[PDB]
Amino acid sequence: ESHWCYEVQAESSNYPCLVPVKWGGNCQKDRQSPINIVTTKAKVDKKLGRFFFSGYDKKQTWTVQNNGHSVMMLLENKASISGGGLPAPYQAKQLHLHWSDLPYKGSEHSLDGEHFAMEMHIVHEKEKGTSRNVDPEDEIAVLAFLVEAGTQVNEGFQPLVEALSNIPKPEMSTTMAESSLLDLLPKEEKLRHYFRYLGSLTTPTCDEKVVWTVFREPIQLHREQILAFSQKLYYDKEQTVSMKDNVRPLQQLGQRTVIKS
């Protein structure tokens, strides 16, 4: 009756912990995440139009913390999304990442069997209107970006990468230098192509209430920016165990299809 952990991080920690194949909650059901996306097998759906963004361009000073599983920035409902085939507007809650130290294994989703060096999640929750009718398959909207090593610094990512130095231990926080969500995004053309499917959170309690969006095109960071995530973060307060491979094993598609824009 304690923490959960990632496969890698079980043989290094001192509290007892549940490994992925042993996580409880809803983790062991049938509409789980992440998956492999067979790009050819996803039928084009025309209602998957462009996403619209409010608050993404606005400069801000984000609180960012090492929660012992990832590094997370708290977005406090200060940005929002519409479009992308969604039923309603969704308020931005938090953005976090998953990574490895090897280019082929840090992503949670894969595309036609390929895994990327990291994967960025921007977690939104559906807008509470002034109505509500009496297990929502789309309570949460995750925007997901695959990251690969490019040849240049992504200057957009620099206040996040620098703030890594101030939160090495679990339960530490800090404030990033001024920046926008837009700074971390790719240009809008790179945003036109993406995959969609209904799934779960990829960490316990693995609730099956996520409408997923995975953008076909990767973001690029420099190799050394990618590397700062495993070089500066730790899974442990003592700072011996480096935070990496914070990724959930793939889950089966089952009875689901994946569509695309």
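C-alpha atoms forming the largest set that superposes within 1.5 Å between two forms make up the rigid core. Each residue number is its position in the shown sequence, starting from 1.
- In summary, of the stretches 188-196 and 60-68, 188-196 shows the greater Cα distance from the shown form in 8 other deposited structures of this protein, with structures fitted on the rigid core.
- For 111-119 versus 148-156, the mean Cα distance to the shown form in 8 other deposited structures of this protein after rigid core alignment is larger for 148-156.
- For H96, the record comparison shows coordinates present in all the other entries of this protein that model its neighbours, with no third of them leaving it out.
- Figure legend: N133 is marked as unmodelled in at least a third of the other comparable entries of the protein.
- Per the record, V134 and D135 are separated by 4 to 9 deposited residues that are missing from the model.
- Mean CA temperature factor is higher for 135-143 when stretches 91-99 and 135-143 are set side by side in the entry.
- Stretch comparison (102-110 versus 116-124) by mean CA B-factor in the PDB entry places 102-110 on top.
- The PDB entry assigns its highest CA temperature factor, among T130, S80, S180, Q158, to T130.
- Compared with the other modelled residues of the chain, the Cα B-factor recorded for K22 ranks in the middle third.
- For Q65, the recorded CA B-factor ranks within the middle third of the chain. Only modelled residues enter the ranking.
- Per the PDB record, residue ranking by Cα B-factor puts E162 in the middle third of the chain.
- Sort the chain's modelled residues by C-alpha temperature factor and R223 lands in the highest third, per the entry.
- Remark: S12 belongs to the highest third of its chain, ranked by C-alpha B-factor as recorded.
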